[PDB]
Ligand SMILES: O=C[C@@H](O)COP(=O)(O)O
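There is one chain below, alone, in structure tokens, taken in the form deposited without glyceraldehyde-3-phosphate (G3H).
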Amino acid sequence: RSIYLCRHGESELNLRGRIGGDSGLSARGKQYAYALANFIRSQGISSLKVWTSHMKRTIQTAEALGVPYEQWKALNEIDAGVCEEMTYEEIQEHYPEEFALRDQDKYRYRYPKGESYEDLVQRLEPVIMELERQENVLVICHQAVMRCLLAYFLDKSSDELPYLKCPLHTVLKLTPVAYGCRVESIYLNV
């Protein structure tokens, strides 16, 4: 079996250089969702479980599949708390202290009223448990969530975790094996 990890197609907020929030897909975000469906089809899979977060950007991208999907709250993006929907310039200006502190310990730092990667890793324990005892699964999630899941399957330290390559519109096909996990990166250009 394989585990397909990718995140929702480009959102309005991604487009506007802002973090978090709960915005919908952009025009090409929607075009990614259709490209994702064609990719999943071209894989010749007979049974596939599709997981989504509760955020609209993931649900909408799953809608384009045509198949049923389950919504996990634990797959919701990291909460930047006070800094939700702000740009980095904005957070650097109004929260210079926080930003700097976040840069010194990215794995444990939480923005005021927010979550840390460490917290995210913790709430993702049951998602990983399930994944490990399932067959083909497609997880349409978020950059931070995807980084945590990928670190687990690729045995990465908590230091490497926050910097793991997790672009938009790229499907990571993971095939767990006896000890490691194979990885293949598919870029859906749209």
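For clarity, a rigid core is taken as the largest C-alpha set superposing within 1.5 Å between two forms. Quick note: we count residues from 1 along the sequence shown, nothing fancier.
Undergrad: Please pick 175 to 183 or 9 to 17, whichever has its Cα atoms farther from the shown form in 4 other deposited structures of this protein after a rigid core fit.
TA: When 175 to 183 and 9 to 17 are compared in 4 other deposited structures of this protein, 175 to 183 lies farther out.
Undergrad: So which stretch wins on mean C-alpha B-factor, 134 to 142 or 38 to 46?
TA: It is 38 to 46 that shows the higher mean C-alpha B-factor.
Undergrad: Looking only at CA atoms, which has the higher mean B factor in the entry: 72 to 80 or 101 to 109?
TA: 101 to 109 has the higher mean C-alpha B-factor.
Undergrad: Quiz for you: based on the deposited Cα B-factor, which of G24, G180, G17, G20 is highest?
TA: Of the options given, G180 has the highest CA B-factor in the PDB entry.
Undergrad: Taking only the Cα B-factors deposited for this chain, tell me whether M129 sits in the lowest, middle or highest third.
TA: Ranked within chain, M129 CA B lands in the highest tercile.
Undergrad: Once the chain's modelled residues are ordered by C-alpha B factor and cut into thirds, is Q122 in the lowest, middle or highest one?
TA: Within its chain, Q122 is a highest-third residue by C-alpha B-factor, going by the deposited values.
Undergrad: Classify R57 as lowest, middle or highest third according to the C-alpha B-factor given in the PDB entry, relative to its own chain.
TA: Bottom third by C-alpha B-factor.
Undergrad: What third of the chain, by the recorded C-alpha B-factor, contains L150?
TA: Lowest third, going by the recorded CA B-factors of the chain.
FYI, the form solved in complex with glyceraldehyde-3-phosphate (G3H) isn't displayed, but the following is about it.
Undergrad: Candidate spot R102, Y117 and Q143, all three in 4.5 Å heavy atom range of glyceraldehyde-3-phosphate (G3H) in the bound PDB entry?
TA: All three within 4.5 Å in the bound PDB entry.
Undergrad: Just to confirm, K106 within 4.5 Å of glyceraldehyde-3-phosphate (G3H) in the bound PDB entry by heavy atoms?
TA: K106: contacts glyceraldehyde-3-phosphate (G3H) in the bound PDB entry.
Undergrad: Check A74 for me: does it contact glyceraldehyde-3-phosphate (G3H) in the bound PDB entry (non-hydrogen atoms, 4.5 angstroms)?
TA: Contact with glyceraldehyde-3-phosphate (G3H), no.
Undergrad: For the stretch 74 to 96, which residues lie within 4.5 Å of glyceraldehyde-3-phosphate (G3H) in the bound PDB entry by non-hydrogen atom distance?
TA: Those in contact are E77, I78, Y88.
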